[PDB]
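Numbering (the deposited numbering), first residue to last: 10 to 414.
Beta carbons are placed, not taken as given, at the ideal position from N, Cα and C, and that holds for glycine.
To start, the structure under review is shown below, and the notes come after it.
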Amino acid sequence: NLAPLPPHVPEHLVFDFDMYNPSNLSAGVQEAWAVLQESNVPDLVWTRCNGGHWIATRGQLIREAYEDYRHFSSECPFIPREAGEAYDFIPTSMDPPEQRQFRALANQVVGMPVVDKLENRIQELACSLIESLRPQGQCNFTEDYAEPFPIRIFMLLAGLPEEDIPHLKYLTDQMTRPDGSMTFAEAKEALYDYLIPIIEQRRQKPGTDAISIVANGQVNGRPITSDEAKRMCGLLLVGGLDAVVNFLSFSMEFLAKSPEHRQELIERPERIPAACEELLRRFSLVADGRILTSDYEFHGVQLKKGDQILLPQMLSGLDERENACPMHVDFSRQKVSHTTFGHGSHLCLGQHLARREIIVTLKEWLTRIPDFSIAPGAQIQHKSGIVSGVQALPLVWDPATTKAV
Ligand code: HEM
Ligand SMILES: CC1(C)[C@@H]2CC[C@@]1(C)C(=O)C2
């Protein structure tokens, strides 16, 4: 389902990429996207898929577009248009300077200090989950760890029932990797139906949870509205539940296939942070965009006010102009250059929490289960979308090779 080429689009700039169903997906998700950086591909193309839109392909252009909020607005950040249109999360669908008051609050909730307060639980949860796993000599890493680990820490933070996971997870998944089971607007509603009562109650009877704090905060002198709180909260949920979950699956899948990498981390633990940065770069997974506010000639191409443009955050670090031998995992690159957590005024506030969770997992897994691999005959499937994922990650290990701690 290709849309008719709009008039302003030079036919030599056409490249029919389907962000929801790229071609050599069998080859891995990052690889599937990297066709975009083949020499036959112009730096800025128009795809007729998903209703027609621009995609920037080069770290250079992505960052530039990301910095440029005057021309490239966050109002409608998702493709397809119906979704960017329905999209109303705060701070994400706002541009500076308005964005700034809301970010400041959200930061109150997710930033450094919060991570520092939660570290012991993060550590406790990981060790517990791994240890519980260890003696079985096999899991479903996606279901067995990658989901519970990040989600439960989130639910704790948020003050929500663990019993709510499956529902929320489903709704979260519909937004980033649409099934076709529900439209974006429907999904957003259902999450909103969830959130409202909860907000209501936290305004009256505040607690110490993230939800309570958002519901009762101040923005540019006055009190947040219930609608604004609904709108930030809905973001925190999506932010918290999807990305870390999938990221661990990519990284875990790579580690399961690279003994030499696992060993490096075991012997030279001082390298974890650097490795973490390296995996963030190679296993980058987020792809969203911006809307043209006006007619704009950007790097010789004429964009029309109203045109959407995908600026894949995933793409910067995979770009050979940015990183030599991009597809190669190297824990000792002089410079890990990426925009995994974005760029510009919208850079991830959850970055600190994300990293803490990555590092703990690496350290804690490698400790108890140093040697593991992908199950004989499992075909690992990747899914593409706003956040790309891994469907299932069947692992096998010999328990006699494990160490209880
Ligand atoms: C590996 C993990 C993650 C990755 C790769 C990631 C990626 C991103 C990206 C690319 C953006 C910028 C979006 C834009 O410019 O349109 C962003 C923003 C944001 N993410 Fe993260 N995310 C991750 C985890 C988290 C976590 C754990 C949280 C906290 C619950 C979270 C909360 C946020 C928030 C609040 C924003 C928006 C901030 C603003 O608009 O100023 N994210 N994320
Ligand atoms: C692109 C994102 C990863 C960022 C946090 C959750 C997400 C889906 C958004 O709506 C903004």
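Alpha-carbon to alpha-carbon, residue j and residue i
i: residue 197; j: residue 397; result: 19 Å
i: residue 88; j: residue 257; result: 25 Å
i: residue 336; j: residue 150; result: 23 Å
i: residue 353; j: residue 19; result: 29 Å
i: residue 86; j: residue 102; result: 7 Å
i: residue 114; j: residue 410; result: 47 Å
i: residue 294; j: residue 270; result: 21 Å
i: residue 31; j: residue 393; result: 7 Å
i: residue 278; j: residue 272; result: 10 Å
i: residue 179; j: residue 303; result: 36 Å
i: residue 60; j: residue 300; result: 14 Å
i: residue 194; j: residue 264; result: 37 Å
i: residue 229; j: residue 51; result: 43 Å
i: residue 298; j: residue 34; result: 21 Å
i: residue 369; j: residue 308; result: 42 Å
i: residue 201; j: residue 389; result: 33 Å
i: residue 338; j: residue 291; result: 7 Å
i: residue 132; j: residue 12; result: 49 Å
i: residue 316; j: residue 384; result: 45 Å
i: residue 241; j: residue 123; result: 17 Å
i: residue 391; j: residue 372; result: 25 Å
i: residue 64; j: residue 70; result: 10 Å
i: residue 108; j: residue 267; result: 42 Å
i: residue 232; j: residue 188; result: 38 Å
i: residue 97; j: residue 110; result: 16 Å
i: residue 345; j: residue 403; result: 29 Å
i: residue 361; j: residue 83; result: 23 Å
i: residue 94; j: residue 191; result: 16 Å
Residue i versus the options, residue with shortest Cα-Cα distance
i: residue 68; options: 359, 115, 53 and 304; result: 53
i: residue 25; options: 61, 207, 56 and 283; result: 56
i: residue 28; options: 44, 15 and 282; result: 44
i: residue 251; options: 412, 48, 131 and 363; result: 363
i: residue 148; options: 387, 42 and 345; result: 387
i: residue 359; options: 71, 135 and 118; result: 118
i: residue 78; options: 95, 64 and 106; result: 106
i: residue 244; options: 219, 262, 227 and 333; result: 219
i: residue 318; options: 72, 36, 39 and 10; result: 72
i: residue 137; options: 76, 241, 162 and 116; result: 162
i: residue 173; options: 190, 186, 42 and 199; result: 199
i: residue 62; options: 152, 14 and 361; result: 14
Pair within 8 Å by beta-carbon distance, residue i and residue j
i: residue 382; j: residue 348; result: no
i: residue 159; j: residue 254; result: yes
i: residue 395; j: residue 184; result: yes
i: residue 321; j: residue 144; result: no
i: residue 92; j: residue 81; result: no
i: residue 342; j: residue 139; result: no
i: residue 235; j: residue 212; result: yes
i: residue 21; j: residue 313; result: no
i: residue 405; j: residue 259; result: no
i: residue 100; j: residue 112; result: yes
i: residue 275; j: residue 375; result: yes
i: residue 203; j: residue 177; result: yes
i: residue 39; j: residue 328; result: no
i: residue 226; j: residue 168; result: no
i: residue 323; j: residue 296; result: yes
i: residue 350; j: residue 287; result: no
i: residue 205; j: residue 224; result: no
i: residue 128; j: residue 330; result: no
Coil, strand or helix - residue i by DSSP
i: residue 403; result: strand
i: residue 81; result: strand
i: residue 391; result: strand
i: residue 157; result: helix
i: residue 232; result: strand
i: residue 149; result: strand
i: residue 378; result: coil
i: residue 295; result: strand
i: residue 315; result: coil
i: residue 329; result: coil
i: residue 259; result: helix
i: residue 306; result: strand
i: residue 50; result: coil
i: residue 64; result: strand
i: residue 383; result: strand
i: residue 300; result: strand
i: residue 396; result: strand
i: residue 56; result: strand
i: residue 414; result: coil
i: residue 110; result: helix
i: residue 272; result: helix
- Task: Could you please go through the chain and list the residues whose beta-carbon is closer than 5 Å to any non-hydrogen atom of ligand 2?
- Result: 101, 247, 248, 295 and 297
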